[PDB]
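One protein chain, two forms: both are listed below as C-alpha cells, the first as structure 1 and the second as structure 2.
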Structure 1
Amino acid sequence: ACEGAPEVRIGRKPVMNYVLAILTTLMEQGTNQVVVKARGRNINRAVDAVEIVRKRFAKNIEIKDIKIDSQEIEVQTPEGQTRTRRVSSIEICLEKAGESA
C-alpha cells in the first residue's frame, strides 16, 4: 500500500527531526501519504516518531499499513567462505484525512 508516497528514512538525526519531516511532508495540500522506514535498532525509533505524530494529530492521521521484512547481507572471505547476517526492517504508511477539518 501507499506505493509512490514520499519516504522518511530513520537515520542518525534526532527523532524530532523525522517527526518534523513527516509533518511538514503531510502538511502539503497534494500529499496525503508518507512512509516511514527503518532497519535494525532504528525500528524502535521509527515507531516513536510515528507515535509522536499519531498522538499529536490523533484525529486526522491514521496508520494505514505496516510491513516488516528482513534482508540477508553477506560478505565473502578471500578464501571463498560466505558469512551472512539478517537485518530487519519496518515500513509504516501514515495517511492524513482527505485534507483537514
Structure 2
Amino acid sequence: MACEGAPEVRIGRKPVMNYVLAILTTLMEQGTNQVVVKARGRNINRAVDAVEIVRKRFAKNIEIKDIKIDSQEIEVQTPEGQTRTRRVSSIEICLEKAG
C-alpha cells in the first residue's frame, strides 16, 4: 500500500470536476508529491474518472503509482425486520507527481 502518509481525497457524489480540482490543488501543496484517491461503492466509478481526467487533460506528469481494492460487509437493518448482508467495495488509487 504505497502512498503511505500521503494526503487523501475521498470521492463522493459531487460533480467529478470538484475532485479533479481537489487532486490538482493538493499536488500543488509545498512538499506534496503524492495523493491517494479513495472511494467506496458506486463512487469508485467517479474516482477512476477523476484520475483519468487529471492525467489525460490536466497534468500528464502525474502517474498512477498503485491501485488497491478491498471490501467490507455492513449492517443494513431491513425495513421492519432484522437482518443485514451487504458487501461494499472500495478503491485506493495512489498518484505521484512527475514520474
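Note that the rigid core is defined as the largest set of C-alphas that superpose within 1.5 Å between two forms. All residue numbers here follow the sequence of structure 1, with the first residue given the number 1.
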Shift of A58 between the two structures at or above 2 Å (CA, core fit): yes
Cα displacement of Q81 between the two structures reaching 2 Å, rigid core superposed: yes
Distance the CA of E28 travels between the two structures [rigid core superposed, Å]: 2.0
Following rigid core superposition, Cα shift of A46 between the two structures in Å: 0.2
